[PDB]
Structure formats: structure tokens, C-alpha cells
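Undergrad: Questions regarding the structure given below will be posed in turn.
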Amino acid sequence: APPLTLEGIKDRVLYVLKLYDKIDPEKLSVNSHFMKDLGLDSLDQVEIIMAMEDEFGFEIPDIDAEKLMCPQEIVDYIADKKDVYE
Amino acid sequence: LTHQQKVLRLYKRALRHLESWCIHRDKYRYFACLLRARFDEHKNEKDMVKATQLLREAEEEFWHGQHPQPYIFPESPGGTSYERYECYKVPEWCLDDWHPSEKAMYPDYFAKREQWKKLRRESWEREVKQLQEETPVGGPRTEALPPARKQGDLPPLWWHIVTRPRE
Amino acid sequence: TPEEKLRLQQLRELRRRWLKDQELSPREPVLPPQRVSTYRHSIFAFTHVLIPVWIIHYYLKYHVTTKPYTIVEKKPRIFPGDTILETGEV
Amino acid sequence: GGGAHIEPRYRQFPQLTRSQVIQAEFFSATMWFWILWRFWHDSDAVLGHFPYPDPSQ
Amino acid sequence: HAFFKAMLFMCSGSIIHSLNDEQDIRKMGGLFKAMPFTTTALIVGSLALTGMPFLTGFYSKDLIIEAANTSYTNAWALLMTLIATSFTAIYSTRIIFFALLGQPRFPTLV
Amino acid sequence: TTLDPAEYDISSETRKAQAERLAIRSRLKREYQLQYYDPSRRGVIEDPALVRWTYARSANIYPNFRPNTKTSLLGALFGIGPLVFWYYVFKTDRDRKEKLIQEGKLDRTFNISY
Amino acid sequence: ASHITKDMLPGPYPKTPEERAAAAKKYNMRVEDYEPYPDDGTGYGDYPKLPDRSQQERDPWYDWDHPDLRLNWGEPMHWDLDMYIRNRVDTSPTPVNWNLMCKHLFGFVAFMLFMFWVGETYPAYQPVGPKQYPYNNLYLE
Amino acid sequence: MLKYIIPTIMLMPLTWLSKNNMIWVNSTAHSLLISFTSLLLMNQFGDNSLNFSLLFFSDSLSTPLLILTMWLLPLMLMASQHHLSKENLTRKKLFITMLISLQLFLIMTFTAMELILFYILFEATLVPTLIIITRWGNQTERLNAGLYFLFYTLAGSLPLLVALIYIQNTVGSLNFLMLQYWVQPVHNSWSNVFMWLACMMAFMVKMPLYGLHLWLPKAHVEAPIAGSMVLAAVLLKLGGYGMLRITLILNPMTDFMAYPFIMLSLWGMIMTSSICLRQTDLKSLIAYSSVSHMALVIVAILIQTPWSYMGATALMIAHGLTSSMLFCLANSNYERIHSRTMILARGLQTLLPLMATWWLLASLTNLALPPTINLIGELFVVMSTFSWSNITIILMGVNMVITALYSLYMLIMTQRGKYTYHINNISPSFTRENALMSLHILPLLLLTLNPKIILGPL
Amino acid sequence: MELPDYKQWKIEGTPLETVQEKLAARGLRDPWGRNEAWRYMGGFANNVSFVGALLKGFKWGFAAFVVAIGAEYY
């Protein structure tokens, strides 16, 4: 019964950037590409969505790792999975 | 499955099976870097058996004590109410035979139906022409060129392009 | 990954483009078409229960005198003694 | 959707409708009044006991 | 007994729709997160399921375990029935201690 | 308990040139998707993995068959096997049951059925 | 209607590399652990050269399976090995056999020795002498 | 039959006499009109007995069984028209005439007044069935199956003639079943084994034992246009009932050697239904259901003493209506997907919603849900062979267990989805597809109100 | 709409978050602690109690229990 729009997904992804103490509110909004300050190998590829593992966290399969480098490419196909915006 | 992402698929579940074992919220969170501390022991070294003993002894203490009926994220391969939306199930393109006075309803949806089929009915002069060229003989996975060099139409058209929405 | 940068930006121009077409209510496109066309609690309630009790009684009083066994009622389970008799007890 | 009479939240504790709590507190009173006949008056075992019937000779 | 769980399924049926799905004893929180009425209905039937201090089936439960008082039983039967009554108590506070006690932990958009 | 089921093992570098077994199934899938997408099909694809699954199970067992073994002559322990045993039971009843029925009585007065 | 490589033949040593695959791509170049040698137990008419049996087994459980249809719903092209027991049979559990389930009922098997006794409430034990004497003593007086 | 044969032969110079495509509507019109006349003089009374006219009828007095034989020619013409309408009218006139020519001999059979009139009409079939098997099938293994249908039925039935002619000149004459008042008993000898055995074995070849059932999943698997003689071949199997006419009398006292027919057909019952749960051909799935709970009557006839004839008669026309419709459920849903492989027809129950009820109310008659004609039949057989020996509740109970898991396995294979393929399968189960699927359950649950019509003498 | 604007939580109470103080001899240190402390703080320290929760405070525990008793009583 509750609908959703696309202005909420832009904030929550952006908020958990600020919720992490490793990342300042001085990085770019949609595309810092993770490598800008992403480190190192492990724990900068799966830990970066380990906060959304609790929040959104619909089991997030093995393909979701290397697509998630582009931080806008995360925002792309969450709308495809959960039957979202128009 | 490369050795680079061999630990990573084990790293996602090492914390995931842990949170089904806690009772508080901070009990998991106080153990966060504590679980990371054993994982941060071998940081940067070789790729041989020198470092495979991180993994060759990770069978014990991970499979030993592995998730006594863990959390399952109910919309998943397993878990309850995962594939449940099936009484509707969206039978797309069941609209062939009607014997109308049943095609009276939705006059605009049936108007828009015949419009989209031109991409479906006419793309084989273009998409199948390069499909014998872009695929050399029998190569691996059959995605096309991702714009198809002028207009990707689609190749997956339209069964993956207009597929079933969930509700 | 450099490959799917060109991919999946046109997929939203195909999937959500169809899903743009999919949400469809212009001018309420159910026609239906043709045709036309609390307090009571009076005719809804009286039609339901009151009529069969007239029916089902009629196959009951006209039935005990026909079948050589009616309903097979038990005894009165009395302690003392009065009722329709006369017998008394201490 | 159609009516947003109970709004979604971001963990700010959406409250009650200020009438549900009246029916809520009414049915804790009806059961702890109903402890009346649990004590007053009903004991553990109203039977009477035997005073160790040893002298049977 | 027929008045117990058709209440109690339906009592918790308001909860599963309230988070829209989890039906897990994990990831719940405490009792009063704008849940005044049904938590009051939970603490009646789960107190009935403790073993009836003065509640509904006290005239069914107590009169049978004290009908097995004087009996020619297995003598391992009373060592199996009356021990099971103690296990019925930790049924009660378990759903209290995970769904009706703790700090609110579950994914957001309440 | 049925079974182990061997969910992790070793590699690297036991026969590293084993790859492009996916090239078989990618060839099939490129054959299938090009077959499956078309504007006018109106009907199933043959897919003879089913055809070789029925016809090698329905027929082609008796033209295969030779009685060269004794594990196909094992069937006398399975075909005529239990059928011997059911005869042994049923003639011990209806004979021990019979003598008690004639010599002496066992049933009561109200046994009209039967 | 396909007649060439319709099914198997009396194998399984009729130049096995020619079978998989002329068609029926069970093996790639007859070294794939599914070359049509597996006539396990000759003399049975069941499973000839047969792009078929004793191949790895126990259960296409239809999990994530993201290539495409892959598993059991969505129908990949040529992967049928043995079926009709595999649309209802799954994978490995946690521990292993340690058959404690028969040991679970063994607790009452020891308490079948408690079925020999009685459960009289009044009095207790008094199991060492003949003072117990279950039934009555003398007559009227 | 005064004249039931005489109107139903007059159906035959009506078909070729007609015009063009009117030949379907002209035949089905008049063929329904016999169903009043079939009921009309029959079902009379009733206490010892109705000898009917002459040497041509004993009216099928205590075993009705014949009204069901007359539904079918106006049931199969509406079924056969699905894939027949590509041939010539000169052969379309043929396939209606031999089908009537099969109903002609069945009408003088089941009544037959004799035992030697029975045999020559018991064998007067198998010529018009074989024409429907060999011509008008699908791809091959028709022709060997055309020969397996012979040479079991015909190898067994020739030692009837050696024994029936032997009786005709031994004790009076067999010509009447009512000159069978004088019957000498048949004791234990070494020639009287074979007199019993040759007279019995030709009936076993049609209603099968566990052995010699090898022709039954041959003719039914490879089968005409839409079950068109397969509906007939299920009646013809239960039209080998005549063991009820013979063995009640005419060697009455040989139960001494019933035991190799009991144990073979009582253990075979628990196995030949168990051997079908791994079938992959859908029409061969039903073809073994027809083996199992038909062979329950073979342990219900040889065990005498009714409360079994209460049930053994009700089981002959229990799946006379059930197993007919299951073939009609599979003669449909093959016109749309051109395979009988049960794997392939998935993705269903969304596409054709109206026929979901036709699956279930078929398969709810094998579960058999006691107020039907089915568990009034089995529960007289169960309460009969209990009184033979108590141990027979075990095998017959596990018979009830496995067929519960067996019938649902055909239902539940259609409750799946996503269909993966199939630009075809559009046709939303047209008016004919539900009409010939009806008139099966509409008499099947109707007769459960007063099923005193379905009973022996008894 | 945008209710979780940052610099809002900023750990001040939530005694669960003194466990990050406990690892000062260990050290991780900074990232991150504001996830589990989303709704740990706020007015969410209500956190219903011991047997008084199933008593519901023993609120009407003897309310009309003594108020009814009693008159007449002669």
C-alpha cells in the first residue's frame, strides 16, 4: 500500500556516506567512484554497502560488487529490482 | 571465480551469519571491528599457499558454527514470501484472443499496443545482421554491443525490455 | 567496469520507457459500458432466516406421525416426584 | 496513496490516535478487578485435611 | 482452548502486516512502538498459557493435572506431563523478550 | 545422510587450460536466444534434450538388453520373490482359521454379517 | 522429427568421442566426466552408451541461479541427467548423521523399565521390606 | 432389446445419405434420442426376474451396465472432430460407420441370453477396434501394437470354444442361463482343473492380471484422433464382465485353485500402481491407473458371497465415467501443445482458469471423497475381503495410500508458472472443450443420490 | 520528508555506544558508529520494564478491588 518516489533513494545512499566516519561530507555527490578515497581491497567493496545490508539489504547477490564502483551505478538498478519509478 | 573475489563472497556472509547470532544491536556492532581484526591479519602478501592458509583453515571456525537457521531476507532465493506473488504472477501477453465487447475496455491501451510492436516486428534487418558479424563463431556470453553501435534495439526485445512487474 | 557504462542507461530508456506506458489511466479507461440501473435490515434479514423455518418445520410436524420413529427423546431425570403425574417422594 | 492519515517515519516514533490508549488502559483494569474472586473469596484448597490418623486402635 | 490462538494468530497478524513482512522473532524491538492495544491482548493469552492463575482455562488445566494426582500411571508420565508445564512458561516471556522488550532494531521506514 | 555433498574443494593449478566449457553452453544459448526471439513463431521449440530423454527411456532398453549377467536374473528375487511369500501366509490362515470355525465355535450369536 | 542421433546404441565403447558430441553434448571432447562411457554395470539393459546417467547429482535446487533459467524453472537447453526425483530432493545440511533420533526415543526405551512398575501416590517408596504389602491384611475383625 | 439395435442400425444409412459438413450435426442429433428409448422399457421389476423376449435377450436384468454403452457415440463425435477435419469426407463417413458398427454388437452383448451367443459377439469386436488402431494414429509403434492387441485376446479365447461346445453336449444344452437349474458340481480332478482354467483365462486377458498386461500400455499409448476408440477400449475392458455370468454357477465349488489368481492380482495391485509415479508420457500415466483399480474386481469376483457384488458392480462403472474423462482431459490439452510429455505443459493454471475445476473433480474421484459412486464401491470391497482374511486390509490400505500421492502428481504439475516459451496455446477452452468434458461428472455425482439403480441382484 | 538530516544524532547518550569507548585500548577507531545508534537514542529509552510491564505498572492493580467492598454488611 505505501508507494515510493525516486527522491528518497538519492538521500539514503547519500546519507550513509555521512554516517560513515571514514568518509567526510566533502566527497562528490553521485560519482566519487569509490576509488577516489576507497580502500583497500576487501572492506571497501562489500563494507561500503554493509550499512545498506541492514537498511535495504534484500540479499544483494554476487554480481552487485563490481557494478557498485560507480556510485551512481548503485542507484541505477535498485529501481529495477523492487518495482520502482515509472 | 578468481582468488581476488574468493574471500569476498566469504566475507559478505562472515558478518551476515554473525548478526543472526546476536541479541542486542550493539552486540553485533561491538564485535564489528573485532571480527574485522582477525580478517585484517594477512593484509598484503603473495597469492600462493603462503596466503591460501588464510582460506585453507577458514573451513574450520566458519563452517564450524555456521548459521543455526539464520536470517534469510524474505525476498530471496530462499525464505518465506519470496516467490509468493503468483496468483496474479503477471501473465504478460495473454491478450491475443478476446472475441470483443471485451476489447471495449482500455481503448487507449490497445491503441498503444500496436505502436510498440514495430520495434519488435521490425528489428531483424538490423539486429540479426550484425549478430552474425559481432559474434565471431561460438564465443562466450551473448550480450550485444551495449549501444549496438547506433541504437540498441534491444537485442533483448521485448521480453526482457517489457518484462513482468511485481506487486 | 568499462563495458556496462554504455549498457543499462538505455535499458531505463526501454524498461522504464515501457513502464512509462504501463501506468495507464487516461480518462478512466474502464467504460464499463452499459447498462443502467443500516436502516433496513428489513427485507435483507427477513428473507434469509424467516422463510426456511416455515419450510423446515413443515417437513417435521407432518413427519413424526408418518415415520414409525420420530425424534427419540430421553427421560426426564427426576429426583422427587410431581410434574404431570401425582407420585410423591420423601 | 489515497489517504496518508498515518504517515511513514524515519524513526521519529509516530504516536497513537489518542483514543486507542483509552481502550488499551480500560482492559488492564477489567482483569485486575477480576482478581477479586481469586483471593476474595477463593483459597488454595477448600477441602479440609486429616490430622495424621495414626491412633486407629 | 478455541478462544486462545484464533485470537493470538490474529493478534500477531496485525504485527506482520505492520512491518509488512518479517514474521521473525529477531529484528522486532519493544512493545509500545505505537502498539497499545494488541500488546495488552498479548499479555493476557500468554499469561493464560503460563498456567492460569485465575484466567480462562483454570477450570480445565488445574483440574486435570490434579486428576493425575492419584492415578495408576506409568510414574514416568507425571515425570513427563508436569515437567512440560514448566516449559510452557518460557514460551511466554520469549516473545516478550524479543518482540516486546528490547531496543527498536529493524530496517527503517516505520 | 545422503549426501556429503562436497561443497568446497581445491584448484589452481590442476589443469588450468580446462576453460571454455562455457563456450559450449554459450553457443547453445546464442543458438537458443536467436531461436527464441522472432516476431512470428507461434509454437514451441523442439529442444531434443527432451526427445533423447524420453526415447532413450521408453524404448531403447530392450534392444539394448542382453541377459548376459545375473543382476538382470536378479529379478527372480524381486519378481517371483515376494509372491512366493504371500502364498505362504494366506494358506496358513483360512486353514487354521478353518478348523477353529468347524471344530468348535469362535463367533457369537449376532454374526448375521459376514 | 530428428533421426540422426535419435538416442543411444549398444555401448558404451563404440568410439565414445564420436557420441558426445555428434549431438547430445554431454561431454566436450570425451574428457568432461560425462563422456558416454558410463554404462555402469553391463548386462542390464538400462542406460546404454546413453548421454545420460551416473553423472553428478543430488539436486538442482533452483537457488539464485542467475545465468538465465539455469535450474528447474526457465528450462536450459541440454542439461537433463536424471529427473522425476529431482523436482523434490535437495542439498546437504549442517552436521552429520550422528543418529541421535533413535537415541532420542531410547530415553523412553530405558523408561520402558519404568513401565514395569506402578505409580501409586500414597505412600512413597518403602522398598526394602514386606511392610508395604499392596493389599489388605485380615478379615472383618 | 425389442428394437434398440433396429434404430441404431438405422443411424448408419443416414450419415452417407446426408449432404456436406451437415454430417456431423445429423449424426449427433439422432444418436442422443436413443437415450430416452434405452431407459424406456428397461429398469423394470425386478424380483426373479425379467426374461425379456426370446433367445435374443435376458434384458441385462440385474446388471444394467448398458445405458453407459449408449452415451458414447454422441460423446465421441464431438470429441473426435479436433484433429480429424483434414481428411476426405469419404473416409470421414467411414470412421462414423464403423464406430456405430462397434455399438451394434455391444448391444446384443451384455444381454445375449446364452453363453455361445456371448462368445461369437465377444469376438465380434476386435475387428472394428483394430481398424481404428492401425489407421488413424500418430507416428509408429502402431503396427506392433496392432499385433499385441491381437494374439493375447485371440490366443486365450479359442479354448473357450473347446469348453463351451463341450458343455453344450454334456449337460443338456447351455442355450439358456435359466436352463442352468440342473447343474452338477465340479469336484477335484485332473481334467476339471483345465475345464475351470480354460474357461477362465480368456477373461483374464482383457481385464488384466499383473502378468499379461503387456498389451494394455500399447494400444492406449499410441491411440486415435482424440481418445476416439480409447473411450471405447475402456468400456470394452470392463465389457469382459461375463465371468459374473459364468463363475457364479457352472463349476461353482472351485475356490481350491483361486489362490494363484488372488495373490498375483492382490500383490500386483499394490505394485502396478506404484510403478507409474515415474511416468513421463501423460497418456501412459492414466493407462496404469486403469490397470490397478480394475484389478481390484478380480479379487472381488473370485471371492464370492455379496457385499462384494454390491461393490464389484459399482466399480465397473465407477471408472467407466472417471477414466473416460481423464482420457478426455488428455485428448484435450494436446491439440495446443503437440507433445504428450508431462514436463512440457507447465506454466498452466493461469492461462486456462475454467478447466482447473475439470482437473480437480476428475482427480477428486480417485481420492473418492466418500459420497460419490467410488467410495460406495471400494468400501464394500474392503468390508468383503476383510472377511476373507484380516491381513488383506494392509495391502489394500497401502493401495489407498499410494494412489493419493499418485493422482495429485498429475494435478500439481500444472500449478507452476512463467511458461518460458509458448507463443501458441492461446485457445481459451472453447464451448466444445467444456461440453464434452461435461456430461461425465453431471451423471457421476447425480447417481449418488439414489444409487439403488447401480446394484447387482445381489 | 528529509527528517534524517545529518549532524543530528551525534553520540551523547545511548550507553550501547560506550562499547566503542571500551575498545580504546584496542582501537579501530572512527568508522562507524552511527548505524546501530540510529534509534538507540531519542525518546526510545522508554523501554518497558520488569513484571510491572505485565502488571502494566500495577496501575489499576487494586482499583475497584477495594472500592466495591463494601456495604450492607447490615
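Ordered as shown in the C-alpha cells, chains take letters A, B, and onward, while each chain numbers its residues from 1 and ligands are numbered from 1 in the order shown.
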I need the chain A residues near chain E as a PyMOL selection string; criterion: at most 9 Å, counting only C-alpha atoms.
TA: chain A and resi 54-57
Undergrad: Just list the residues in segment 15-72 of chain I DSSP gives helix (DSSP H, G or I) on the backbone, as a ChimeraX atom specification.
TA: /I:15-22,56-58
Undergrad: At a cut-off of 7 Å, can you tabulate as a tab-separated table every residue of chain A near chain B together with its closest atom pair and the distance in Å to one decimal, using only C-alpha atoms and ordering rows by chain then number?
TA:
residue	atom	partner	partner_atom	distance
A:42	CA	B:8	CA	6.6
A:46	CA	B:12	CA	6.6
A:58	CA	B:73	CA	5.7
A:59	CA	B:73	CA	6.0
A:83	CA	B:166	CA	5.9
Undergrad: With only C-alpha atoms counted and 10 Å as the cut-off, give the residues of chain B in contact with chain G, each with its shortest interatomic distance in Å and the pair that gives it, as a tab-separated table.
TA:
residue	atom	partner	partner_atom	distance
B:63	CA	G:94	CA	8.4
B:64	CA	G:94	CA	9.0
B:65	CA	G:94	CA	9.0
B:66	CA	G:94	CA	7.7
B:67	CA	G:94	CA	8.9
B:68	CA	G:94	CA	8.3
B:69	CA	G:94	CA	9.7
B:76	CA	G:64	CA	7.9
B:77	CA	G:63	CA	5.2
B:78	CA	G:63	CA	7.3
B:141	CA	G:67	CA	9.5
Undergrad: Include N, CA, C and O atoms and write out the residues we just selected as an mmCIF file, in the first residue's frame.
TA:
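Final file, out10.cif:
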data_model
loop_
_atom_site.group_PDB
_atom_site.id
_atom_site.type_symbol
_atom_site.label_atom_id
_atom_site.label_comp_id
_atom_site.auth_asym_id
_atom_site.auth_seq_id
_atom_site.Cartn_x
_atom_site.Cartn_y
_atom_site.Cartn_z
ATOM 1 N N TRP B 63 32.528 -22.810 8.733
ATOM 2 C CA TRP B 63 31.595 -23.919 8.574
ATOM 3 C C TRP B 63 31.313 -24.566 9.916
ATOM 4 O O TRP B 63 30.182 -24.981 10.194
ATOM 5 N N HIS B 64 32.334 -24.671 10.755
ATOM 6 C CA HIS B 64 32.123 -24.993 12.154
ATOM 7 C C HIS B 64 31.482 -23.784 12.815
ATOM 8 O O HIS B 64 32.110 -22.728 12.933
ATOM 9 N N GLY B 65 30.228 -23.929 13.221
ATOM 10 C CA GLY B 65 29.466 -22.788 13.670
ATOM 11 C C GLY B 65 29.029 -21.919 12.512
ATOM 12 O O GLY B 65 29.498 -20.787 12.365
ATOM 13 N N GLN B 66 28.146 -22.451 11.672
ATOM 14 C CA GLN B 66 27.626 -21.736 10.514
ATOM 15 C C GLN B 66 26.115 -21.646 10.615
ATOM 16 O O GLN B 66 25.417 -22.577 10.201
ATOM 17 N N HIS B 67 25.624 -20.534 11.176
ATOM 18 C CA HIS B 67 24.274 -20.019 10.962
ATOM 19 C C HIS B 67 23.154 -20.980 11.354
ATOM 20 O O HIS B 67 22.527 -21.586 10.474
ATOM 21 N N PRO B 68 22.879 -21.167 12.651
ATOM 22 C CA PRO B 68 21.802 -22.088 13.048
ATOM 23 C C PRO B 68 20.422 -21.523 12.740
ATOM 24 O O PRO B 68 19.804 -20.875 13.591
ATOM 25 N N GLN B 69 19.953 -21.755 11.495
ATOM 26 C CA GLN B 69 18.741 -21.204 10.883
ATOM 27 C C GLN B 69 18.815 -19.681 10.876
ATOM 28 O O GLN B 69 18.134 -19.022 11.669
ATOM 29 N N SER B 76 14.104 -13.483 -1.455
ATOM 30 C CA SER B 76 15.408 -14.056 -1.764
ATOM 31 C C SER B 76 15.220 -15.381 -2.479
ATOM 32 O O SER B 76 14.086 -15.747 -2.806
ATOM 33 N N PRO B 77 16.310 -16.084 -2.807
ATOM 34 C CA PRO B 77 16.166 -17.462 -3.313
ATOM 35 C C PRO B 77 15.446 -18.382 -2.341
ATOM 36 O O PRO B 77 14.585 -19.168 -2.755
ATOM 37 N N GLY B 78 15.761 -18.288 -1.050
ATOM 38 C CA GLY B 78 15.029 -18.981 -0.019
ATOM 39 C C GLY B 78 14.098 -18.056 0.741
ATOM 40 O O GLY B 78 13.811 -16.932 0.326
ATOM 41 N N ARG B 141 29.526 -15.230 -23.537
ATOM 42 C CA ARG B 141 28.156 -14.769 -23.263
ATOM 43 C C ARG B 141 27.621 -13.737 -24.251
ATOM 44 O O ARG B 141 28.306 -12.775 -24.611
#
Undergrad: Please, what distance in Å, to one decimal, runs between atom CA of residue 53 of chain A and atom CA of residue 58 of chain B?
TA: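 It comes out at 23.1 Å.
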Undergrad: Show me, as a PyMOL selection string, every residue of chain F with an atom at most 12 Å from chain H, counting only C-alpha atoms.
TA: chain F and resi 32-33+35-47+50-51+53-59+78-98+111+113-114
Undergrad: Could you work out how far atom CA of residue 284 of chain H lies from atom CA of residue 332 of chain H, giving the answer in Å with one decimal?
TA: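 We find that atom CA of residue 332 of chain H and atom CA of residue 284 of chain H lie 15.0 Å from each other.
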Undergrad: Define the interface residues of chain F facing chain B as those within 7 Å, counting only C-alpha atoms, and report them as a list in words.
TA: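 So the residues of chain F near chain B are residues 22, 23, 26, 27, 30 and 39 of chain F.
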Undergrad: Using only C-alpha atoms, which protein or nucleic acid residues come within 12 Å of residue 40 of chain H? Drop anything in the same chain fewer than 3 positions from it, and give the result as a list in words.
TA: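 In the requested format, the answer is residues 1, 2, 3, 4, 33, 34, 35, 36, 37, 43, 44 and 67 of chain H.
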Undergrad: Show me, as an MDAnalysis selection string, every residue of chain A with an atom at most 10 Å from chain G, counting only C-alpha atoms.
TA: chainID A and resid 61:63
Undergrad: Save out the residues we just selected, C-alpha atoms, as a PDB file, in the first residue's frame.
TA:
ATOM      1  CA  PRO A  61      23.883 -11.092  -4.827  1.00  0.00           C
ATOM      2  CA  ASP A  62      27.420 -11.705  -6.076  1.00  0.00           C
ATOM      3  CA  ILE A  63      27.017  -9.586  -9.234  1.00  0.00           C
TER       4      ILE A  63
END
Undergrad: Atom CA of residue 101 of chain F and atom CA of residue 385 of chain H are how many Å apart?
TA: 17.3 Å
Undergrad: Select all residues from chain A having any atom no more than 12 Å from an atom of chain D (counting only C-alpha atoms, ignoring ligands), output as a list in words.
TA: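 Selected residues: residues 1, 2, 3, 4, 5, 8, 12 and 55 of chain A.
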Undergrad: So which residues touch residue 68 of chain A within 12 Å, counting only C-alpha atoms, skipping near sequence neighbours fewer than 2 positions away, as a ChimeraX atom specification?
TA: /A:13,30-35,38,44-49,60-66,70-78 /C:1,4-5
Undergrad: List the spatial neighbours of residue 92 of chain G as a VMD selection string - criterion: any atom at most 7 Å away, only C-alpha atoms, same-chain residues fewer than 6 positions off excluded.
TA: chain F and resid 3 to 5
Undergrad: With N, CA, C and O atoms retained, export the selected residues as an mmCIF file, in the first residue's frame.
TA:
data_model
loop_
_atom_site.group_PDB
_atom_site.id
_atom_site.type_symbol
_atom_site.label_atom_id
_atom_site.label_comp_id
_atom_site.auth_asym_id
_atom_site.auth_seq_id
_atom_site.Cartn_x
_atom_site.Cartn_y
_atom_site.Cartn_z
ATOM 1 N N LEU F 3 23.528 -36.327 0.983
ATOM 2 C CA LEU F 3 24.904 -36.826 0.937
ATOM 3 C C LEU F 3 25.864 -35.820 1.568
ATOM 4 O O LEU F 3 25.439 -34.949 2.327
ATOM 5 N N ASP F 4 27.153 -35.957 1.235
ATOM 6 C CA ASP F 4 28.258 -35.300 1.945
ATOM 7 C C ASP F 4 28.215 -33.773 1.974
ATOM 8 O O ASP F 4 28.468 -33.205 3.044
ATOM 9 N N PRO F 5 27.950 -33.051 0.870
ATOM 10 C CA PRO F 5 27.775 -33.193 -0.578
ATOM 11 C C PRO F 5 28.866 -32.467 -1.364
ATOM 12 O O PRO F 5 28.585 -32.043 -2.487
#
Undergrad: Using only C-alpha atoms, which residues of chain B come within 8 Å of chain I, and what is the closest atom pair for each, with the distance in Å to one decimal? Give it as JSON lines, sorted by chain and residue number.
TA:
{"residue": "B:25", "atom": "CA", "partner": "I:36", "partner_atom": "CA", "distance": 6.2}
{"residue": "B:26", "atom": "CA", "partner": "I:16", "partner_atom": "CA", "distance": 6.0}
{"residue": "B:29", "atom": "CA", "partner": "I:36", "partner_atom": "CA", "distance": 7.1}
{"residue": "B:30", "atom": "CA", "partner": "I:19", "partner_atom": "CA", "distance": 6.1}
{"residue": "B:33", "atom": "CA", "partner": "I:28", "partner_atom": "CA", "distance": 6.4}
Undergrad: What lies within 7 Å of residue 29 of chain C using only C-alpha atoms, ignoring chain neighbours under 6 positions off, as a PyMOL selection string?
TA: chain B and resi 105-107
Undergrad: Could you save those same residues with N, CA, C and O atoms as a PDB file, in the first residue's frame?
TA:
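Once everything was written out, this is result.pdb:
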ATOM      1  N   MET B 105     -13.102  -2.236 -23.152  1.00  0.00           N
ATOM      2  CA  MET B 105     -12.314  -1.628 -22.096  1.00  0.00           C
ATOM      3  C   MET B 105     -10.871  -1.418 -22.539  1.00  0.00           C
ATOM      4  O   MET B 105     -10.343  -2.150 -23.384  1.00  0.00           O
ATOM      5  N   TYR B 106     -10.236  -0.428 -21.911  1.00  0.00           N
ATOM      6  CA  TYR B 106      -8.942   0.108 -22.316  1.00  0.00           C
ATOM      7  C   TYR B 106      -8.813   0.399 -23.814  1.00  0.00           C
ATOM      8  O   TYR B 106      -8.086  -0.303 -24.519  1.00  0.00           O
ATOM      9  N   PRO B 107      -9.510   1.421 -24.331  1.00  0.00           N
ATOM     10  CA  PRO B 107      -9.330   1.746 -25.754  1.00  0.00           C
ATOM     11  C   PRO B 107      -7.988   2.379 -26.057  1.00  0.00           C
ATOM     12  O   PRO B 107      -7.534   2.335 -27.201  1.00  0.00           O
TER      13      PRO B 107
END
Undergrad: Return as JSON lines the residues of chain H lying at most 9 Å from chain B, together with the closest atom-to-atom pair for each and the distance in Å to one decimal, counting only C-alpha atoms, with rows in chain order and ascending residue number.
TA:
{"residue": "H:350", "atom": "CA", "partner": "B:91", "partner_atom": "CA", "distance": 7.3}
{"residue": "H:351", "atom": "CA", "partner": "B:94", "partner_atom": "CA", "distance": 7.5}
{"residue": "H:416", "atom": "CA", "partner": "B:86", "partner_atom": "CA", "distance": 8.9}
{"residue": "H:417", "atom": "CA", "partner": "B:86", "partner_atom": "CA", "distance": 8.0}
{"residue": "H:418", "atom": "CA", "partner": "B:91", "partner_atom": "CA", "distance": 7.8}
{"residue": "H:426", "atom": "CA", "partner": "B:97", "partner_atom": "CA", "distance": 6.9}
{"residue": "H:427", "atom": "CA", "partner": "B:97", "partner_atom": "CA", "distance": 7.3}
{"residue": "H:428", "atom": "CA", "partner": "B:97", "partner_atom": "CA", "distance": 7.9}
